[PDB]
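To start, the structure under review is shown below, and the notes come after it.
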Ligand SMILES: CC(C)NC[C@H](O)COc1ccc(S(N)(=O)=O)cc1
Ligand SMILES: CC(C)NC[C@H](O)COc1ccc(S(N)(=O)=O)cc1
Ligand SMILES: CC(C)NC[C@H](O)COc1ccc(S(N)(=O)=O)cc1
Ligand SMILES: CC(C)NC[C@H](O)COc1ccc(S(N)(=O)=O)cc1
Ligand SMILES: [Zn+2]
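Spelled out as structure tokens, the structure:
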């Protein structure tokens with residue numbers, strides 16, 4: 004199956020997922036001098052106060068913190084979006100070293116990691133229907149750099165020991181994702197795709213300009229996770245990022261001057 008190794012990584016994905024070479028693939032490089040300020044872009048509305056987290060899962064490619072998305076409890080609206088998008092999960096992509104790990108890049112700069120808060124459009129009823137639509141998902145992407153610790157991340161870091169290997173899960177209730185946001189909500193936005201198979205072209209990407217800082221100890225604990233299942237030869241879960249894809253016939257818009 005697909006992965007991030009030499010024999011199943013991003014250069015192989017097109018053989019089972021031909022949309023890998025499609026017209027609106029993600030991630031991309033964000034050329035800050037080419038992105039156009041769009042004064043018609045509305046401010047983002049992040050309403051996470053009623054969020055209900057449930058569980059954290061090692062799925063063999065990353066770890067997902069999952070939410071109750073059966074009601075409008077934690078939603079994203081505004082910005083480039085029409086309608087209401089419900090938070091279903093967040094996850095990260097990260098590197099084996101601090102100089103790499105993010106999926107999007109900014110003027111070719113790579114950050115140490117990237118957080119993805121995944122939301123689906125409520127007019128399609130459920131997540132599986134939404135991923136079949138060009139405006140079905142909105143993913144809020146947030147860069148991580150290494151510096152001071154992020155206090156709101158520590159609860160996640162401290163549970164990773166219990167989900168070391170693929171298929172393990174743990175209860176993860178009462179987690180507040182507001183503690184993972186930077187101060188500013190200035191953003192870039194463009195139409196794109198899931199960055200892992202099935203690579204569906206269903207995502208409005210909203211990438212925040214301001215990174216969050218995490219400590220070296222926090223990201224070191226990400227790197228102790230395993231791609232493999234329990235009892236299998238250990239493969240550290242590192243460098244689970246897809247590189248930048250061709251922008252093709254797309255414009256990146258900026259919410260800020
Ligand atoms: C785990 C054992 C069966 N070995 C796996 C097997 O060789 C499959 O190899 C592959 C290699 C690449 C892919 S793709 N186009 O999804 O990235 C799929 C299967
Ligand atoms: C009805 C409520 C409790 N929520 C149910 C909703 O279908 C959420 O289901 C989920 C939530 C997250 C995921 S994962 N590991 O892909 O991120 C999968 C199914
Ligand atoms: C209506 C809500 C609760 N749906 C979102 C929820 O997370 C369900 O997630 C999913 C996940 C997968 C599918 S499938 N295998 O049909 O594509 C459908 C819904
Ligand atoms: C096809 C459906 C039902 N299952 C999809 C699967 O859960 C993958 O979901 C996702 C969700 C988000 C992303 S990312 N890295 O772009 O934010 C990638 C895969
Ligand atoms: Zn992701």
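Numbering (PDB author numbering), first residue to last: 4 to 125, 127 to 261.
We put the beta carbon where it would ideally sit given N, CA and C, even for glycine.
| Check | Outcome |
| --- | --- |
| Residue 195 - partner residues in DSSP beta bridges | 208 |
| Cβ pair residue 222, residue 153 closer than 8 Å | yes |
| Close-in-space but distant-in-sequence residues of the same chain around residue 32 (CB under 7 Å, 5 per side omitted) | 108, 111, 248 |
| Beta-carbon gap between residue 91 and residue 176 smaller than 8 Å | no |
| Contained alpha helix (DSSP H) runs [length at least 4] in the stretch 13-58, N- to C-terminal order | none |
| Cβ neighbours of residue 226 in the same chain (closer than 6 Å, five flanking residues each side left out) | 97 |
| Euclidean distance between Cα positions of residue 173 and residue 237 | 20 Å |
| Residue 51 and residue 182 closer than 8 Å at C-beta | yes |
| Ligand 1 heavy atom lying under 7 Å from the CB of residue 263 | With the chain covering 4 to 261 only, the question about residue 263 has no answer from this structure. |
| Pair within 8 Å by beta-carbon distance, residue 56 and residue 232 | no |
| Coarse secondary structure for residue 134, derived from DSSP in three states | helix |
| Distance cut-off 7 Å: residue 118 Cβ against heavy atoms of ligand 2 | no |
| Nearest-angstrom Cβ-Cβ length linking residue 64 and residue 244, presumed shorter than 8 Å | 6 Å |
| Spatially closest choice to residue 54 from 41, 69, 44, 46, by CA coordinates | 69 |
| Enclosing alpha helix (DSSP H) for residue 69 [first to last residue] | Element bounds for residue 69: not the alpha helix (DSSP H) but the beta strand (DSSP E), 66-70. |
| Any 3 or more C-beta pairs closer than 8 Å across the stretch 8-19 and the stretch 79-94 | no |
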